[PDB]
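Below is one structure, written out as structure tokens; the observations come after it.
Order of the sequence lines fixes the chain letters, A, B, ..., with proteins taken first and strands second; residue numbering starts at 1 for each chain. Side-chain atoms are counted along with the backbone in the values below, which use heavy atoms only and exclude waters and symmetry mates.
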Amino acid sequence: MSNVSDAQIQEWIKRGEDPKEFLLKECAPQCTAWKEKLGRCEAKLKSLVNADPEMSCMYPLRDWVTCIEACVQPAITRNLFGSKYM
Amino acid sequence: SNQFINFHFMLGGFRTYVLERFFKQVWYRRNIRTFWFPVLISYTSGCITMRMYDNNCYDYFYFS
Amino acid sequence: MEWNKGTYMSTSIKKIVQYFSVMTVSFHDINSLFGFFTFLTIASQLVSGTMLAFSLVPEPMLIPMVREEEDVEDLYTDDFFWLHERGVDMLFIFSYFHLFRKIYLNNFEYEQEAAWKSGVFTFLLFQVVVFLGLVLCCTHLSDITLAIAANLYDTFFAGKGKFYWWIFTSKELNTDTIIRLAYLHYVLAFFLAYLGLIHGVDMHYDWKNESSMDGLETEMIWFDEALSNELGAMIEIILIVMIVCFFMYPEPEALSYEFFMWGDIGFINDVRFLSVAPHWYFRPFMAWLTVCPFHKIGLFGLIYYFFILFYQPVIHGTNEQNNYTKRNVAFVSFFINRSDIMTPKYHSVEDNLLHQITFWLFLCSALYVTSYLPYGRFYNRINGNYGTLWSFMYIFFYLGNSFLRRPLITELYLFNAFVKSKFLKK
Amino acid sequence: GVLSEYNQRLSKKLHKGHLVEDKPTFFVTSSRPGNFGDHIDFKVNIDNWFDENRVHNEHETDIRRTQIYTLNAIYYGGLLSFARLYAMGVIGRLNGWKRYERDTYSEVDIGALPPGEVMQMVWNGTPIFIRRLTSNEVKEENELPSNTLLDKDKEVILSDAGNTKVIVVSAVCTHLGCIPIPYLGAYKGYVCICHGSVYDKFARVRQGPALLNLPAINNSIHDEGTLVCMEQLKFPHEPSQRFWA
Amino acid sequence: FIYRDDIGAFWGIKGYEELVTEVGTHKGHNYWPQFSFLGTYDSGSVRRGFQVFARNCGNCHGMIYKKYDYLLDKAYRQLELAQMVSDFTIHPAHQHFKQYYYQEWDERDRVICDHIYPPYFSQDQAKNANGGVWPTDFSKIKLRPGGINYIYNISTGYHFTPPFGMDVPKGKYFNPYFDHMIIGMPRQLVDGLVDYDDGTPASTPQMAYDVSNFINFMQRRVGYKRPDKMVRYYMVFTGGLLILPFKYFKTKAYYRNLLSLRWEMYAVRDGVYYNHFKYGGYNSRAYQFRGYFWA
Amino acid sequence: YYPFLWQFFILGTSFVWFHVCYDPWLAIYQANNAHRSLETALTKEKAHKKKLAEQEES
Ligand SMILES: CCCCCCCCCCCCCCCCCC(=O)OC[C@H](COP(=O)([O-])OCC(O)COP(=O)([O-])OC[C@@H](COC(=O)CCCCCCCCCCCCCCCCC)OC(=O)CCCCCCCCCCCCCCCCC)OC(=O)CCCCCCCCCCCCCCCCC
Ligand SMILES: CCCCCCCCCCCCCCCCCC(=O)OC[C@H](COP(=O)([O-])OCC(O)COP(=O)([O-])OC[C@@H](COC(=O)CCCCCCCCCCCCCCCCC)OC(=O)CCCCCCCCCCCCCCCCC)OC(=O)CCCCCCCCCCCCCCCCC
Ligand SMILES: CCCCCCCCCCCCCCCCCC(=O)OC[C@H](COP(=O)([O-])OCC(O)COP(=O)([O-])OC[C@@H](COC(=O)CCCCCCCCCCCCCCCCC)OC(=O)CCCCCCCCCCCCCCCCC)OC(=O)CCCCCCCCCCCCCCCCC
Ligand SMILES: CCCCCCCCCCCCCCCCCC(=O)OC[C@H](COP(=O)([O-])OCC[N+](C)(C)C)OC(=O)CCCCCCCCCCCCCCCCC
Ligand SMILES: CCCCCCCCCCCCCCCCCC(=O)OC[C@H](COP(=O)([O-])OCC[N+](C)(C)C)OC(=O)CCCCCCCCCCCCCCCCC
Ligand SMILES: COC1=C(OC)C(=O)C(C/C=C(\C)CC/C=C(\C)CC/C=C(/C)CC/C=C(\C)CC/C=C(/C)CC/C=C(\C)CC/C=C(\C)CCC=C(C)C)=C(C)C1=O
Ligand code: HEC
Ligand code: HEM
Ligand code: HEM
Ligand code: FES
């Protein structure tokens, strides 16, 4: 009888909508240490008057986005058709 | 043809045949007892030097 | 040629068949079977490479497309390519384990000379073939390897008069260079089989699984009693390698070393020089080049490593004078009040502890050298890894210097104990 | 069983895991040469495995010999299975693999062709003859001498549609591949002019140097001659499965 | 020996430090049916991936090394694939090597045997049409940070904004998954862009997932053959485990049996002198010692 | 006592090895991926096509 009855709820994906936009905000809080580090790095770079061209607020941002996406991507992929549902 | 197919196998228990013979007397007495010190020193030194190299790399990449 | 006295064995089919049907092998362990594994991997490399040669068109602009298309339309071609790559990996692993095992047993004696050098030469040739094989991939890795080899070749001639053209035409991979290098690769790969046969015949003169002289006189008949064990040990090591590769390498991976093989010569012009890395077996030499930014010194280091690896029996051997050779010593002369020192005699393997300590320091230094890429982008601007320099220098010292091998301390201490005991007991 | 044997072997008195003699043992062969004398005090043997390593089956030793042979056979069979996989790989590499058969289906309308006419069509990049035979023509072809015919194995395939049988054959000469004459007054069949090979109206080999009839073209007629399905004959090619699952 | 995990180099592989490469493999685990234990490609997923590739992203990219007929058993049937691919045209200028086989002198409908060329004749034409940056060829694209995930991440990672100190030139877009986080590709996946034949909802994550599955399927080592080869590895490993005991019986027990020898030494005191020991012995390498050693 | 018969026996043992190591893994592998076959996708597409065809306009 399973899978032969109606589905009670429809997700964003089941309606053809993109859920990553909201899921980014959902997963933002837990990656807060890296966000704070990135903010401090940006503040310091803004303060500097003669900054070496090598310096960049890129690697801290790389770590922050890595931590955000590590949570964002698997959650969305698990809801997609074609993959064994979690 | 008149001898055991697998002679002197598991005589005693696992402890005597495996834990005490194949590990303490064959692996440690013969192999580990010879290289535990040099291998440990080299492994620790390599770990420390690689950590220092990575910390210098971090200082290069990351400021603030 | 009166200087050449003759050959140890006449490699004729009749005599080879008789010798291998009457051969006897003493009881041994797995550690003394890396040579058989190397030979079997060589045989499989020959077979798989012959299968691959019928697919590879030596034109650079067709090799990638030909490889991609012939893996689908033809069955087992990609299987043979994978077998060839993994055979190269396992061949390097077995060869280096064999080298370490033979260094451990102190096989630099005179009676081992013919056994030792004939092996090293094979190893040396085994290097060249591998290099040529890389060139056949026609990727950016092949481009960089060819460029480095051409620069090294041109180093000897001080960059004069394009002496490299007969092989490395323009120092670039093109139709002529690819054709020549592929044919040379095939021919030298098949020559390696004969070199290995000669080495295997030579080494049986004095073969020992362990340094200690077991008194056993009975021995196994090679054809099946020893061959079955050799095949089984090969199976066991292959199982272990499969387990280690399965767990250490997840199915999808991030930042592998194969990512530099994306670029195909001709199709992609720009090269991502940020991530340049060869296969792990040639990793130590690229690491040495990065660590030693001086071109001539790096080339000299490579040549010295290989050639001192070849001439171990001469520097560290008895030298036919029965340990009456006199070394040259820097500081011990002041302590002993003698200009030279007689070579020490008691340098056993299993018993003494200094030999084991030094050998395992050397082995761990080699492993650390192959452990990673120095990443020359700022490896020198940032004070480089001191461990890499220490390991390289210890590799150089261990191979060539006889104070780390056959040390005098053991002999002097043993003689001191002998003198004291004899005086006490008269 | 296995548990019983393990229990039996558990209670074994041995020195640090090795079954060795606890006392010196000396054995002298009573029938040794007269010049050997007594055994020397040297203790050559530390183990008595010559006697301990014994299953006392001096009766029916051939059974244990057969068992050892069987174990050897199992080991060799595993090794030979691996070698057979390798040999399959090699030979399959040498002998190509036709993963799938490319499409060759086609359709040509023959109804428009007037009866007793031969038309050339381009199928699979090759010329092909399409002909219509009347009842009188077929009857005339039959009853002719069989001496001229030079193909006992070859036959003729005639369609049944459109009120007149339709024939489709390969328009390639068997001798060397030249295009034969389409129509001749003596016999409205095929007669090659490059060397004089003579065929009949059924494409048979009558009084001609060519030793083979014109190859037939696989076809099936439907829609009463409007839809002549033409697909190249399919031959087996194995292995056919490309994916296990 | 120990590699720091915050440098930006995974397991010590330096380089790729201006990219986000650990997402989906090391930090986070995106599920792909192909790489799961005893897994395999989802036929529907690769089918939809080819549908989206053909209806979009085939207008800039291509797989010169690959051809459509790879999709003949797990993604499409011969007739269906032929009908789908007959919607595109190839000029002879597309061909990498005509070799006298391609006799056409004008555009013609593609067949399943044709290689997957982009609409442009050459790389320079595509580079000129796309603002001077060449849409990379997807054949052999497996060799990217993250592997199969690389296609999925880039197609989706257009949400973040550049930090301070980074300038995105006009015509360029910020995407942290690309080299140096600047990419010349405008975002292509939009909800409802492609109407799947099976009715599956067309959301950008779903389209990215299908595209990634198809692109991976078209590879050679990590592509359509990896699952069967992994099953073959499992079977061979089982065979080795089963054969180990028989190897032991053949080799080690047999050697132990051969060493069950009884030795005896007696005292021979007859008049005979041991002259054979004093005058005897042969050395196979004597020719190397004669005239050279101990003279 | 008949060497070629014993060789046939060895061939049989190798055949048993191959089948033992082959059949179970293949069976479990193709049982695990039953729902990922092309037939499932074809059935889903056919159902969707039928549903779309029945409900439409002129
Ligand atoms: C890092 C990782 C972690 C660490 C890793 C560590 C790794 C460690 C590796 C260690 C390797 C070395 C191991 C050494 C073991 C030594 C054992 C020992 O002491 O033996 C001595 C012993 C005799 O020594 P002895 O000292 O002379 O004896 C003294 C006695 O007092 C007097 O002796 P005797 O004269 O009485 O005996 C003479 C002997 C002489 O007899 C022979 O030589 C005849 C041998 C005939 C072999 C026939 C093989 C048939 C294979 C196919 C079977 C069908 C498969 C169906 C599969 C699908 C099922 C649904 O006959 C016997 O003893 C008869 C016993 C056998 C009965 C018949 C069954 C034989 C086959 C059993 C195995 C196959 C099971 C299949 C699965 C079943 C369901 C679970 O030797 C034997 O008898 C050996 C018999 C053969 C054993 C083979 C075992 C293979 C197992 C494979 C299957 C595994 C489980 C299932 C897996 C399923 C999924 C794939
Ligand atoms: C256009 C067409 C052209 C023609 C094409 C056809 C060409 C035909 C070539 C025929 C060659 C005849 C060779 C005669 C000797 C063969 C062995 C023998 O005596 O047999 C009795 C033997 C009787 O059974 P047994 O009582 O159990 O004894 C087994 C032992 O082998 C019994 O051995 P053992 O323990 O008593 O002692 C073995 C050995 C003691 O051990 C050794 O010393 C071994 C050899 C050491 C040196 C070589 C090392 C490498 C080992 C040999 C190479 C093996 C790999 C070959 C790979 C080839 C390429 C793939 O002692 C000897 O026998 C000394 C002589 C060894 C043979 C060499 C001298 C005679 C033959 C060659 C003379 C001419 C010179 C050669 C160049 C000629 C050029 C024209 O017969 C068998 O067991 C045959 C079993 C066959 C079935 C199992 C394997 C099937 C393959 C499975 C893989 C998948 C493919 C399936 C097959 C597909 C269809 C083919
Ligand atoms: C369709 C095929 C039809 C053909 C026949 C198929 C069956 C053939 C079975 C052949 C025997 C296989 C097992 C023994 C192999 C060695 C053979 C041998 O040398 O025998 C000759 C000989 C015995 O002379 P024999 O009396 O003439 O031969 C009798 C036969 O061998 C027969 O002996 P047995 O009948 O007494 O065998 C009993 C055994 C076999 O009986 C069976 O065949 C039944 C197996 C059923 C398996 C089912 C699995 C699940 C799948 C089915 C699920 C659905 C059904 C559920 C039903 C539920 C019902 C409530 O049943 C057991 O499972 C009990 C064994 C004790 C428990 C051990 C637990 C595992 C410990 C592993 C430790 C490993 C440590 C390594 C690392 C150490 C260092 C750290 O052996 C010796 O003398 C060796 C003694 C020295 C070594 C002792 C080592 C003991 C510890 C290790 C044991 C390793 C094996 C464990 C097997 C576990 C089950 C797979
Ligand atoms: C040391 C050797 C390996 C370690 C373990 C020890 C193995 C030896 C012990 C005895 C084992 C006996 C039983 C083995 C049965 C295996 C069956 C199997 O998987 O093949 C079925 C299949 C049968 O295929 P099939 O006919 O069902 O279908 C083929 C078509 N496809 C691919 C679409 C399914 O075998 C093959 O066809 C494979 C041929 C390969 C030829 C070229 C060699 C490639 C490498 C193969 C081995 C890879 C593993 C690692 C090898 C390392 C050493 C080189
Ligand atoms: C040089 C000494 C031997 C070297 C051994 C290594 C392999 C050498 C292979 C090349 C030489 C082959 C010579 C014989 C030619 C016939 C080959 C053949 O099987 O026919 C294929 C042919 C062609 O296969 P096919 O028709 O499926 O493929 C061709 C057509 N396509 C590509 C469309 C699929 O198949 C047959 O018709 C054979 C049917 C009979 C099968 C039994 C043959 C027995 C005699 C040959 C046995 C060879 C065993 C070799 C074992 C080696 C072990 C290491
Ligand atoms: C410095 O420059 C140089 C180089 O490059 C740098 C060089 O490479 C070299 C060396 C290299 C070369 C000269 C090139 C050589 C290249 C080589 C060896 C590569 C090929 C290697 C191989 C192992 C090829 C193996 C090939 C095969 C197995 C193909 C098998 C094919 C066939 C047909 C086998 C069956 C047929 C036969 C045996 C013929 C017998 C007769 C028949 C069958 C008759 C049939 C007909 C009838 C009517 C019956 C030199 C010297 C050099 O100076
Ligand atoms: C034309 C408008 C394009 C469409 C349609 C698609 N892509 Fe593309 N892509 C395009 C350009 C001009 C570039 C180069 C960007 C640069 O800065 O170099 C790219 C690049 C990619 C990449 C990266 C390739 C690399 O070597 O790193 C990927 C992974 C990629 N594009 C994927 C992709 C996907 C999934 C598309 C939809 C299926 C797609 N592209 C469409 C231009 C165009
Ligand atoms: C001991 C013997 C051999 C060794 C050590 C060896 C080494 C190598 C190596 C290292 C590669 C590159 C692999 C890679 O980059 O991943 C290679 C490729 C290649 N080898 Fe060999 N090889 C040997 C024998 C042979 C033989 C005998 C032939 C031909 C008869 C051959 C033909 C080839 C071909 C064609 C390639 C390239 C295949 C491709 O690019 O698709 N090899 N070899
Ligand atoms: C492809 C390269 C090589 C092959 C194919 C090969 C092959 C073999 C084989 C089969 C054996 C017998 C088995 C064994 O002793 O383990 C052996 C032994 C030996 N090898 Fe090699 N070998 C190679 C490389 C080397 C190297 C690099 C050295 C030394 C630098 C070397 C020196 C020796 C020596 C001295 C022995 C005899 C050991 C002894 O007498 O105890 N070989 N070789
Ligand atoms: S060409 Fe037709 S008969 Fe000679």
Please examine the side chains of [Y] and [X], heavy atoms only from C-beta on, and report whether any two atoms are closer than 4.5 Å.
X        : Y        : answer
E:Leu72  : E:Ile112 : yes
C:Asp71  : C:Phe81  : no
D:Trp97  : C:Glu73  : no
E:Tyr65  : E:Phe138 : no
D:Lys201 : D:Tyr187 : no
E:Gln78  : D:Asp103 : yes
E:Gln95  : E:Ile90  : yes
C:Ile178 : C:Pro60  : yes

Hey, is [atom1] on [X] packed in by over 12 heavy atoms from elsewhere, all under 6.0 Å?
X        : atom1 : value
D:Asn163 : CG    : no
D:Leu158 : CG    : yes
D:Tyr105 : OH    : yes
C:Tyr194 : OH    : no
D:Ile193 : CD1   : no
E:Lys229 : NZ    : yes
C:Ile179 : CD1   : yes
D:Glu155 : CD    : no

Decide, yes or no, whether a salt bridge links [X] with [Y] under the criterion of side-chain N to carboxylate O below 4.0 Å.
X        : Y        : answer
E:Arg77  : F:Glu45  : no
E:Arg220 : C:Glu70  : no
E:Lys225 : C:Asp78  : no
D:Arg132 : D:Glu137 : no
E:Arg47  : E:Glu80  : yes
E:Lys67  : E:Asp114 : no
D:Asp151 : D:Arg204 : no

What are the two closest non-hydrogen atoms of [X] and [Y], and how far apart are they?
X        : Y        : value
E:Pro119 : E:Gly58  : CD-O, 3.3 Å
C:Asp264 : C:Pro64  : OD2-CB, 3.5 Å
D:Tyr100 : E:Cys113 : OH-SG, 3.4 Å
E:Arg110 : E:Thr89  : NE-O, 3.6 Å
C:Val57  : C:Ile63  : O-CG1, 3.0 Å
C:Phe80  : D:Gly89  : CE1-O, 3.2 Å

Report yes or no: do [X] and [Y] form a side-chain donor-acceptor pair below 3.5 Å?
X        : Y        : result
E:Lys74  : E:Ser43  : yes
E:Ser86  : E:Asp109 : no
D:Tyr190 : D:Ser197 : no

If you round to the nearest 0.5 Å, how far is [atom2] of [Y] from [atom1] of [X]?
X        : Y        : atom1 : atom2 : result
C:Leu188 : C:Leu181 : CG    : CG    : 10.0 Å
D:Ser240 : D:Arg99  : OG    : CZ    : 11.5 Å
C:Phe190 : C:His185 : CZ    : NE2   : 10.0 Å
D:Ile167 : D:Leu133 : CD1   : CG    : 4.5 Å
F:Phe4   : F:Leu11  : CZ    : CG    : 13.5 Å
C:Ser44  : C:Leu83  : OG    : CG    : 5.5 Å

Let me see the working for E:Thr40 and F:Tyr29 under side-chain hydrogen bond (donor to acceptor under 3.5 Å, both in side chains), right down to the final yes or no.
CA-CA 9 Å; E:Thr40 313; F:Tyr29 169 74; 2.6 Å; yes
Kindly determine whether E:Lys98 and E:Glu104 satisfy salt bridge (charged side-chain N to carboxylate O under 4.0 Å, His left out), including the steps that lead there.
CA-CA 10 Å; E:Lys98 294 169 62 179; E:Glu104 292 82 5; over 6 Å; no
May I ask you to decide if [Y]'s main-chain N or O and [X]'s side chain share a donor-acceptor pair within less than 3.5 Å?
X        : Y        : value
C:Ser142 : C:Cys138 : yes
D:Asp200 : D:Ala203 : yes
D:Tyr76  : F:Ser14  : no
D:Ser159 : D:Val166 : yes
E:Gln103 : E:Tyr100 : yes

From C:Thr77, C:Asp74, C:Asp79, residue fulfilling side chain to side chain donor-acceptor pair (under 3.5 Å) relative to D:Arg93:
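Only match with D:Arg93 under side chain to side chain donor-acceptor pair (under 3.5 Å): C:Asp74.
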Test ring-ring contact (aromatic ring centres under 6.0 Å, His included) on F:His19 and F:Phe15; report intermediate values, then the result.
CA-CA 6 Å; F:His19 264 35; F:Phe15 179 84; 4.2 Å; yes
Check whether the ring centres of E:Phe50 and E:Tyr76 lie less than 6.0 Å apart, and answer yes or no.
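Under 6.0 Å, so yes.
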Indicate, with yes or no, if the rings of E:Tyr233 and C:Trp82 have centres closer together than 6.0 Å.
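When the ring centroids of E:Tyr233 and C:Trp82 are compared, they turn out to be within the sub-6.0 Å range.
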Can you classify the ring geometry of F:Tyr22 versus D:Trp244 as parallel (below 30°), tilted (30 to 60°) or perpendicular (above 60°)?
perpendicular
For the pair D:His195 and D:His175, name the ring-plane relationship: parallel under 30°, tilted 30 to 60°, perpendicular over 60°.
perpendicular
Does D:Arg84 qualify as a cation-pi partner of F:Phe18, given the criterion of NZ or CZ under 6.0 Å from the six-membered ring centre and within 45 degrees of its axis?
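The answer is yes; both the distance and angle limits are met.
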Cation-pi check, E:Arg226 onto E:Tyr224 ring (under 6.0 Å, within 45° of axis)
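No.
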Under the side-chain hydrogen bond (donor to acceptor under 3.5 Å, both in side chains) definition, can you give me all pairs with a residue in residues 209-237 of chain D, not counting sequence neighbours?
D:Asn124-D:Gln232, D:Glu231-D:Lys234
Could you point out which residue of E:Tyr120, E:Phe121, E:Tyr102 forms a ring-ring contact (aromatic ring centres under 6.0 Å, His included) with E:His91?
E:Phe121
